[PDB]
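Novice: Quick one: this structure, given as C-alpha cells, is what I'll be asking you about.
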Amino acid sequence: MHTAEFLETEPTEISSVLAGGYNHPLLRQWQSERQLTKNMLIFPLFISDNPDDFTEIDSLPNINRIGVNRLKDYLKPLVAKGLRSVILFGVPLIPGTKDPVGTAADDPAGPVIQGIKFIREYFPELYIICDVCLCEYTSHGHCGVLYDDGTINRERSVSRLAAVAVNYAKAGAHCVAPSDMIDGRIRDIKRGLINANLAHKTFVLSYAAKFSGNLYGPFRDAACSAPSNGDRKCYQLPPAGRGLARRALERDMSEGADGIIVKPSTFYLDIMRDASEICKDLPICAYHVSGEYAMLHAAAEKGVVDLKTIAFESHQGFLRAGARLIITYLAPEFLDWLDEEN
Amino acid sequence: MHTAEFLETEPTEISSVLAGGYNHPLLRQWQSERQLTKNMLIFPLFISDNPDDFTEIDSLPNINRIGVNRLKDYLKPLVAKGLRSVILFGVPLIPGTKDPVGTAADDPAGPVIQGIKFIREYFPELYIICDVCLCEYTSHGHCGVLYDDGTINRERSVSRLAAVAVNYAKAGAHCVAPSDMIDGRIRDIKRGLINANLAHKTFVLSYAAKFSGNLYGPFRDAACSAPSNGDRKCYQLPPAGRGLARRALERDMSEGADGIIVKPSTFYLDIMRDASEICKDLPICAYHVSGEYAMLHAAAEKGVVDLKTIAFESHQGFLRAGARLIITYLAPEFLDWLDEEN
Amino acid sequence: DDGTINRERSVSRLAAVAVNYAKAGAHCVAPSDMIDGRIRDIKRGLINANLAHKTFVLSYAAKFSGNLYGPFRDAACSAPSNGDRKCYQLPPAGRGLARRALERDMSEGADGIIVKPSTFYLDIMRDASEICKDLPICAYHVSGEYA
Amino acid sequence: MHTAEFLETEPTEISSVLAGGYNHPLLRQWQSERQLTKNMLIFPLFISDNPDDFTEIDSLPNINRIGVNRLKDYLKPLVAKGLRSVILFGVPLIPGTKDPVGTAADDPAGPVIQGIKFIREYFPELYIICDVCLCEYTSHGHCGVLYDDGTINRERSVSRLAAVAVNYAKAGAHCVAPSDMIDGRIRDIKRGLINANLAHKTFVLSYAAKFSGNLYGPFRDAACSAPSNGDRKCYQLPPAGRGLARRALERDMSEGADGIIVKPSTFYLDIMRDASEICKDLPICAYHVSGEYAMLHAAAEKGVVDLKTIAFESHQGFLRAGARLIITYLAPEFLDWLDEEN
Ligand SMILES: *C(CCC(=O)O)CC(C)=O
Ligand SMILES: *C(CCC(=O)O)CC(C)=O
Ligand SMILES: *C(CCC(=O)O)CC(C)=O
Ligand SMILES: *C(CCC(=O)O)CC(C)=O
Ligand SMILES: [Zn+2]
Ligand SMILES: [Zn+2]
Ligand SMILES: [Zn+2]
Numbered sequence: 001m002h003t004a005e006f007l008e009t010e011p012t013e014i015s016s017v018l019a020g021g022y023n024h025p026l027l028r029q030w031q032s033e034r035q036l037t038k039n040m041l042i043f044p045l046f047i048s049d050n051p052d053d054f055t056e057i058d059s060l061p062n063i064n065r066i067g068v069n070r071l072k073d074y075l076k077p078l079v080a081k082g083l084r085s086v087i088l089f090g091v092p093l094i095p096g097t098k099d100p101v102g103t104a105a106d107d108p109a110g111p112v113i114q115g116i117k118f119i120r121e122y123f124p125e126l127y128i129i130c131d132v133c134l135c136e137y138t139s140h141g142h143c144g145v146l147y148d149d150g151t152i153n154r155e156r157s158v159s160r161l162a163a164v165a166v167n168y169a170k171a172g173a174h175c176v177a178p179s180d181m182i183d184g185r186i187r188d189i190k191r192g193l194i195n196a197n198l199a200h201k202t203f204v205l206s207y208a209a210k211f212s213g214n215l216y217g218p219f220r221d222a223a224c225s226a227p228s229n230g231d232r233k234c235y236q237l238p239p240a241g242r243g244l245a246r247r248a249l250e251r252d253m254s255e256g257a258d259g260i261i262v263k264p265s266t267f268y269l270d271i272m273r274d275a276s277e278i279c280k281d282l283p284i285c286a287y288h289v290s291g292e293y294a295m296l297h298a299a300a301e302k303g304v305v306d307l308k309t310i311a312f313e314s315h316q317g318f319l320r321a322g323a324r325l326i327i328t329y330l331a332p333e334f335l336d337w338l339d340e341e342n
Numbered sequence: 001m002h003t004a005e006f007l008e009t010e011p012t013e014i015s016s017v018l019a020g021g022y023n024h025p026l027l028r029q030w031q032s033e034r035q036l037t038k039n040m041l042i043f044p045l046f047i048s049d050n051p052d053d054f055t056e057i058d059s060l061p062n063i064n065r066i067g068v069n070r071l072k073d074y075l076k077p078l079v080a081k082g083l084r085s086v087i088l089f090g091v092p093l094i095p096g097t098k099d100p101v102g103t104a105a106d107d108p109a110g111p112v113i114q115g116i117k118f119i120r121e122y123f124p125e126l127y128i129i130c131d132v133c134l135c136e137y138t139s140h141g142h143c144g145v146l147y148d149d150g151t152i153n154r155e156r157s158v159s160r161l162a163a164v165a166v167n168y169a170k171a172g173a174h175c176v177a178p179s180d181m182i183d184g185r186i187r188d189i190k191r192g193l194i195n196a197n198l199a200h201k202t203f204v205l206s207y208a209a210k211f212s213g214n215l216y217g218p219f220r221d222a223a224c225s226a227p228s229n230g231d232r233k234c235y236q237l238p239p240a241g242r243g244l245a246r247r248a249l250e251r252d253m254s255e256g257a258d259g260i261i262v263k264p265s266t267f268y269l270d271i272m273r274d275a276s277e278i279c280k281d282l283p284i285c286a287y288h289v290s291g292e293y294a295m296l297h298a299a300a301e302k303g304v305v306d307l308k309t310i311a312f313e314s315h316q317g318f319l320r321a322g323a324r325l326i327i328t329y330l331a332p333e334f335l336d337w338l339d340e341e342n
Numbered sequence: 148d149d150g151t152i153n154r155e156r157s158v159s160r161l162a163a164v165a166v167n168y169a170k171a172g173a174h175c176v177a178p179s180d181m182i183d184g185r186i187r188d189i190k191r192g193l194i195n196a197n198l199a200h201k202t203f204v205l206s207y208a209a210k211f212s213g214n215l216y217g218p219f220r221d222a223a224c225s226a227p228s229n230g231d232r233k234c235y236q237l238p239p240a241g242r243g244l245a246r247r248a249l250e251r252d253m254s255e256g257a258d259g260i261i262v263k264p265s266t267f268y269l270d271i272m273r274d275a276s277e278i279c280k281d282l283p284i285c286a287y288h289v290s291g292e293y294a
Numbered sequence: 001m002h003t004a005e006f007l008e009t010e011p012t013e014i015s016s017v018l019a020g021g022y023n024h025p026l027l028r029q030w031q032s033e034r035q036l037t038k039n040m041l042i043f044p045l046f047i048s049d050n051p052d053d054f055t056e057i058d059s060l061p062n063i064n065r066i067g068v069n070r071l072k073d074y075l076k077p078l079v080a081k082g083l084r085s086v087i088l089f090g091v092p093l094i095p096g097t098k099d100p101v102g103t104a105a106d107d108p109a110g111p112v113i114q115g116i117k118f119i120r121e122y123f124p125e126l127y128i129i130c131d132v133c134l135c136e137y138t139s140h141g142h143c144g145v146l147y148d149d150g151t152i153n154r155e156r157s158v159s160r161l162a163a164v165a166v167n168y169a170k171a172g173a174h175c176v177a178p179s180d181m182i183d184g185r186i187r188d189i190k191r192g193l194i195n196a197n198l199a200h201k202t203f204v205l206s207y208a209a210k211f212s213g214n215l216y217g218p219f220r221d222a223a224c225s226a227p228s229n230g231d232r233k234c235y236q237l238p239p240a241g242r243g244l245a246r247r248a249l250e251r252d253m254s255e256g257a258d259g260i261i262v263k264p265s266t267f268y269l270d271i272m273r274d275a276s277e278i279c280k281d282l283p284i285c286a287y288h289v290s291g292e293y294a295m296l297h298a299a300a301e302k303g304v305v306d307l308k309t310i311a312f313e314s315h316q317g318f319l320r321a322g323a324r325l326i327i328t329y330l331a332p333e334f335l336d337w338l339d340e341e342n
C-alpha cells in the first residue's frame, strides 16, 4: 500500500520561526511599514471649459469632466468624508482654443486657473495641486513646443512650462506637478518660482518617473489630448529603463523637487523602491493611472477579483513599496472604506 | 489678449539631459538590465489522474487539466517553439484519494510522479520542476498536516513535505519548489535531499515570498484545492509584510534554497527588488499568478489595454525588478512573440 | 544568597511563566527582565509548547536603568529603591551594549522589540530602526516621562 | 498546589552574555562613547539694555536678564569653576528700539555688541558665541524681514542676517549662530564673513535643525520676542519632519557651517543621531531649550525625578546621541557636579 512517509528531522531552529509575528489580524497591521490614512489620497479632477459640464468617461465612475458650476455639489461630499487634496487637469473644449505654444495653458479664464479660484474659495482647507503640461493645450497634443520637424524643442518648451507653473502658483495653487518629462524642466520651474518669490509657498511635485506604456488609455479619452496608442513617446521613460528612472530621480530632486511621483504605480513598484532610497528624504507619491484602475474594474466585473479587496491590496502595495502619498481615482471609495471601523 | 508667456532661462545643464540615451528603438533595449529570452519561461501544468483528461479552466486558454495521454500532443509544439521548462501541479480527481496526511502527495501512481516519468521519456531535454505541497492532496485542502484544532502542525507537516520533495527527486524531477510557507521546511527538504544523496542534482526553488491575497482565484478552480476566498491563510505573508518577506528570503536562502520565487509578481515588484539585493547571488523567479494573468485577459477583453503589449510591459517588469526567471501562463504566447524578428 | 541574579535558574523560570501566559490565552509575551539569553529560552519553551506560531515575542531589548520609573514602582509595588540595584539594566550611556542587545534578542527569536524609556532614548530607537529594520519597533512612554 | 515550574534549557550561549561589560561602576563609564567634560558646556546669557538689570525669568534660576554692570560678578564665579563659553542673546528693552528691519540687531551700542566688548576685556579666555537673528529686534518679533503680506522675505532678511553676523564678528565675537531658519542664510553669512576677511577666525555654528514646538515657553518670556504659542512658525521644521531636518543638515554644512546645533535636544535625540552620520566630521551641539530645562525643574519639584540625576541622564543622552557640545541652562550646576570626585 502506498503509505504516507515522514522524514527524520532535527529540532526546530528559532531562526526558521517567523509565524509568531503575523498570526493575529492586528499583527498584520503591526507588520506594515506605514498605514493608510485618508489624508494620503489625492483625488484627480478634469475641469471642462463648459462651466455646466459633467461627462462620465469610458464608464469609469471616478473619471468625469466637470465644469465650475457642478464642482461644488461634487466636491462637497468628498471633502466631508475627509478629502484633503486634489490634482487639477484642464480640458479646454472650446474650439480654436488649442495652439502651437499651448497659450491657453495659463489662460486666466481657463478651467485650471478658474478651478483654482473656485476651490480656493468654496473649499479653503483643500490642498490644490496642478498638473503642469502643454499636452492638453497644444494643437498637436504633445506635452511641449515641437519643431516643424516634429520633435520637441527643449528650451522653448521648458521656458513655456516654467511660465504656466508660476502662473498657476500666482493663481493660488499650492503645488505644481510637471508631467512633461522634458530634461531640466524642474530646475527652470524652481527658478521661475524663486524669481516670482513663490518658491517658499509652492510644493514642486515632479513626475520624476513617468513611463510610457499601455496604461494611459482612459485618461487620454477624458483629457482629450489624444496621443494615439503608444508610438510618439516624448520624454517617456522606456518600461525597462531602470537606469534612466534612477537618474531622473536624482536629477529632479537635485533641481528643486520637494516630492516625487512614480507612475504608473502597480506596474512600477520596484521603482518606488529605488526612489525610496534615492529620494529617502522626500515624500514619494504613487499614481494609480487610469489604466490600472480601469483594469481593476474590468477584472472585478468578470469576477476575477473583489474590487474592494484588490484596491486595498494594490494601494497598500504603494505604501509598502515606499510611497506615502497616493493619487487615485478610487479616492471616493477609500474615503468610505478607511472609515469602516470602531 | 492672453499671450503665451516664456520665462528667462539659463543655459542647459548637461546633467539634465538624459534623452540622449533613449531616443532610438534599439536604445530602449540597450537600457534594460536584462533581456527576455525564451529559455527564461517556465510553463505550468496541471496533471489530472484521468489519463485522458483535458479540461479548460475558467475560460483561460493556458490553464488546463491534462492527463498523461494528452500530454504529448500538448507539449510537442511548445517544446518545438523553445520551451525549456515546466512546473508540475498534481490534481488527483479520483474519489477517496485525498486524506489527512496527503498520502497521495508522493503516490508513485499519481499525476505528478507519472507526469515526471512521462516527460523524462517523451521530452528528455525539458527541465522538470515540481511544486511541493499537501494542499491538493489533503482532505481539508490546506497546505499541510493540521491538528484537530485546525491549525497547522509544523513538525509533522514539514516532515511530510521533505518526504514528498525527496520522492519527486527520486522519481526524476530536476527541481522541487515548496509553496507551503511553513517555517523551516526548506532546511528539512535540503537535509532529506542530502540524506537521499540527491542534493547535488536537485535545484531547490523555494517559494520564499508567497503573499496571501485576492489573486489566486483561477488556480484554485483548477487545482481543486479550494481554500474559500481569503481567510484561512496558513503561512501566507500579509501583503503589507515587507519585513517578514525580507526575513523569509534570508531564511530560505540560508536553509539551502538554490533559487527563490516571488509571488504574486506584478503586485509585488518592490519585493523582487528587495530580493535582488538579499539573494543577489541566487536566481530570482517571478510567478505571474493565475489572477494577474486572468486580470490581463479581462482588461484586454474590455479593450482597456492590448493583450500582447501589457504582457510584454508586465513581463519586462519582472526582469527589471530583478527577476531572471518567469513562471507564466503566457508562455505559449511568448514562445511565439519572442520569435518575431529577423 | 549572595544577592546577585542566577541567570540559568531565573531564565529557566522566565520561560516557564511566559509559556504559561501563552497557554492561558495571551497572544504576546514581553520579558522585561534583561537577563542575558532569556529570549532564546522563552522562544524554545514556546516552540516545545507548540505555541511559537501563535505567540508574538515582544522583547524589552533596550531597557535602560534610570530616574524615570518612579510612578510605576509605586503601583506595581515591586519597590526597587531609587536606582542602585540595577540588574541587567543597561547604563544610560551604554549605546554599544544597547546595539548588541538588539542584535541578540532579534537573533534569539524576538518578533518585535521595545525601547525604553522612549523620549530620553530616541537615538536608540533610531539605531534599532536600522538593526531591527525588519521588526516592529515599539516605544515605551514610561510612567516617569508621562508623569 | 501551584508550584514554581522551570523549563528544560540548553547550555548558555556566549553570544547572550553581555553582562560582563557593565557589572562595575567604572565600567558604566567605560561603555560610554564620550565622557562629559566642563569645557563642553555653553552657558546662555540674555543681555539687557539696562546696564544695571538683573531680572529672573519665570522663576528659573539660570535664566536672567543681566546688564553689563552686573555681568562681572555673575560671570566671575562661573569662569572660576571652569566655564569656557557662552552664547549671547540680546534683549533691547528701551522703547522705540525695535523696528521693521531689526536695525538695532548690530547696534554698536546694543546689549550684544556691548556684551562682546565687555567679555572680551573682563574675561579674555571665555569663548564668545552670538545668536544671530532679527526676532528680538524687529517690531513684529519674527526672525526676519517680512512683507506687508506678513510672510518672510528671504532675500532681504538673509542679506540683513549676514550683516548682523559679520558685525558681531567685527565686534570681537569668536562665533556666530544663526537661529533664523531662512533657507540659504548660512551661505550668505559665510560669504559676508569671507569678504569681511573674517572667515578664518569665526566659527559658524548654524542652528541646522531647529524644530517648532511647545518647548520654547520660558525663553520667549525672557527674550521678549513673543511669538504667541505656536502658530506663526517661520522656517521652523515640523516635528515629524525628519526628511527636511536631514536635508537642512546637508545644506548648512555645504554652505559653510563649521558645526551644527540640534534643538530641541531631548525630544530630538534621534535627530542628533542622523546628524552624527551626516555631519560626521563636524562638531554637533545639542540645545537643552528653556522648556526642557523648565520641565526637569517642574517634575523634580513634584518629586517625579531627582533634579541632579535626570540632568545627568538627559545630558549624557546628548553625548550618546552623538553630540559633543551642549548649550544648557544647567551649566552653573554641572560646573559643580563635574567636580565632585577625587
Ligand atoms: C498621468 C495619469 C494618466 C492616467 O491617469 O491614465 C497624467 C499626466 C502624465 O499628466
Ligand atoms: C501558486 C500560483 C497560484 C496561481 O497561479 O494563481 C501556486 C502555489 C503557491 O503552489
Ligand atoms: C517598564 C515601564 C515602567 C514605567 O512605566 O515606569 C516596566 C517593565 C520593565 O516591565
Ligand atoms: C533657542 C532656544 C530657546 C529656548 O531656550 O527655549 C533660541 C533661538 C532659536 O535662537
Ligand atoms: Zn503632457
Ligand atoms: Zn499548498
Ligand atoms: Zn529669531
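Chains as they are written, first to last, in PDB author numbering: chain R, 1 to 342; chain A, 1 to 342; chain P, 148 to 294; chain D, 1 to 342. Backbone N, C-alpha and C define an ideal beta-carbon position, used for all residues, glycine too.
Return the CA-CA distance between residue 138/R and residue 211/D, expressed in angstroms with no decimal places.
Specialist: 45 Å
Novice: Residue 35/R CB to nearest chain P CB: under 9 Å?
Specialist: Put simply, the CB of residue 35/R is far from chain P, with every gap to its CB atoms at 9 Å or more.
Novice: Go ahead and pull the three-state DSSP assignment for residue 153/P.
Specialist: Judged by DSSP in its simplified three-state form, residue 153/P adopts coil rather than helix or strand.
Novice: Would you kindly work out how many angstroms separate the C-alpha atoms of residue 181/D and residue 202/R, rounded to a whole number?
Specialist: 18 Å
Novice: When the distance is taken between beta carbons, is residue 155/R closer than 9 Å to residue 9/A?
Specialist: Taking 9 Å as the Cβ cut-off, residue 9/A and residue 155/R qualify as a contacting pair.
Novice: If you reduce the DSSP assignment to three classes, tell me which class residue 92/D lands in.
Specialist: coil
Novice: Considering only C-alpha positions, which residue in the set 269/P, 293/P, 291/P, 292/P is nearest to residue 285/P?
Specialist: 269/P
Novice: What whole-angstrom Cβ distance do residue 222/R and residue 57/R have, given they're in contact under 8 Å?
Specialist: 4 Å
Novice: Which residue from 213/A, 299/A, 279/A, 265/A puts its Cα closest to that of residue 259/A?
Specialist: Residue 279/A is the option with its Cα nearest to residue 259/A.
Novice: Taking the runs of the beta strand (DSSP E) that are 3 residues or longer, which of them lie wholly in the segment 182–245 of chain A?
Specialist: 203–210
Novice: Does the beta-carbon of residue 216/A, which I'm using as the reference point, lie nearer than 8 Å to any heavy atom of ligand 2?
Specialist: Residue 216/A: yes, Cβ under 8 Å from ligand 2.
Novice: What number of angstroms, rounded off, separates the C-alpha of residue 121/D from the C-alpha of residue 128/D?
Specialist: 12 Å
Novice: Show which residues of chain R have a CB atom less than 7 Å away from the CB atom of residue 386/A.
Specialist: This structure does not reach residue 386/A, given that chain A is present from 1 up to 342, and the question cannot be answered.
Novice: Any heavy atom of ligand 4 inside 8 Å of the beta-carbon of residue 267/D?
Specialist: no
Novice: Let me know the secondary structure DSSP gives residue 77/R once reduced to three states.
Specialist: helix
Novice: Between which two residues does the beta strand (DSSP E) harbouring residue 277/D extend?
Specialist: Per DSSP, residue 277/D belongs to no beta strand (DSSP E); it is in the alpha helix (DSSP H), 269–278.
Novice: Report the option in 274/A, 219/A, 65/A whose CA atom is closest to the CA atom of residue 209/A.
Specialist: 274/A
Novice: Could you tell me which of 257/D, 213/D, 98/D, 73/D sits nearest to residue 229/D, measuring between CA atoms?
Specialist: 213/D
Novice: Specify, as a first and last residue, the run of the alpha helix (DSSP H) that residue 112/R falls within.
Specialist: Residue 112/R -> alpha helix (DSSP H) spans 111–122.
Novice: The beta strand (DSSP E) spanning residue 61/D covers which residue range?
Specialist: 60–66
Novice: Taking a cut-off of 6 Å, which residues have a beta-carbon closer than that to any heavy atom of ligand 6, in chain order?
Specialist: Qualifying residues come out as 133/A, 135/A, 143/A, 179/A, 180/A.
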